[PDB]
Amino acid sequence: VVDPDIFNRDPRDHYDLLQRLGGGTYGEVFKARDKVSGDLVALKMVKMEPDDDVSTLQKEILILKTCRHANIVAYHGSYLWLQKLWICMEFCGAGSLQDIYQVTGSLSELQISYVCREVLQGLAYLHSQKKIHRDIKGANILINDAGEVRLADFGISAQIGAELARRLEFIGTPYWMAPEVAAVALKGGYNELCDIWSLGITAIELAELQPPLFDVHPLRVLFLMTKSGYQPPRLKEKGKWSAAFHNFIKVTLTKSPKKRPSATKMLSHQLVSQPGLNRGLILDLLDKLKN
């Protein structure tokens, strides 16, 4: 089955569907209003026909329902009704940061610092649970109408958890296989510090409206990262950003994962521990979006 706690009932008995959200980038997502509280939620609808694979969807719900942290999108349960799965989540009324900067242009360094602190808080919590987001980017950082920051979309993370379970289920007899082969089969070949690198790239994304090498063919970018002399990217405009921001980029984009700072360590960095970082900075951004 997909999850042992699924509500086997029509979601429309609890929510009035209001409008579609996200333009389809996140699937079929509906804005909905609770019929008793009046609170707003987002409902993602996924098809669940009898003989489809449920493993990835199962992993995604398992990840969502065991998170209870302010900087992670809240989970309110799922509804299975007539071969449709509705995932009920916290509604973030300003969309993703990508939705926002595609209108406003590049974020200020202080706005990027607040965002980075809030994501690091969410990442420290996930890493403390032995979870890995693995798809940190502007599109998966959501903003509510109060200017707060919420990590969302564990679909990639669920995809990898499902691979891990399958490859482990059919790994076969292990008495002859090398330790490093067993470790890739059980652990995946990397660890939660990949999230720290992705935040570094996301910080550049917010500063420059594209990740580095966005205009390079994706298979070429993958190949360049595997070469011995590969150089981590940097911010484009040196004089636009303080040395603190430049250093933040340098350390998050540490090439060797053995030397890359963890999320708790990054929270002590000058850029995200400076005073004056609060949701008002993003309300300013939302006001610019509005004006």
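Between two forms, the rigid core is the largest collection of C-alphas that superpose within 1.5 Å. Numbering starts at 1 and follows the sequence shown.
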item: Of 197-205 and 145-153, which departs more from this form in 5 other deposited structures of this protein by CA RMS after core fitting; value: 145-153
item: More shifted region, core-based fit in 5 other deposited structures of this protein, 78-86 vs 128-136 by CA; value: 78-86
item: Of 1-9 and 280-288, the one with larger mean CA B-factor; value: 1-9
item: Between 134-142 and 154-162 (mean CA B-factor, as deposited), the higher; value: 154-162
item: Candidate set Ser262, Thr254, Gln58, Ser242 [ranked by C-alpha B-factor, highest]; value: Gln58
item: Record-listed C-alpha B factor of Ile196: chain third; value: lowest
item: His269 - Cα temperature factor, lowest/middle/highest third of chain; value: lowest
item: Chain third (lowest, middle, highest) by recorded CA B-factor, residue given as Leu168; value: highest
item: Chain thirds of CA B-factor: placement of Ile249; value: lowest
item: Among modelled residues of the same chain, the CA temperature factor third for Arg117; value: lowest
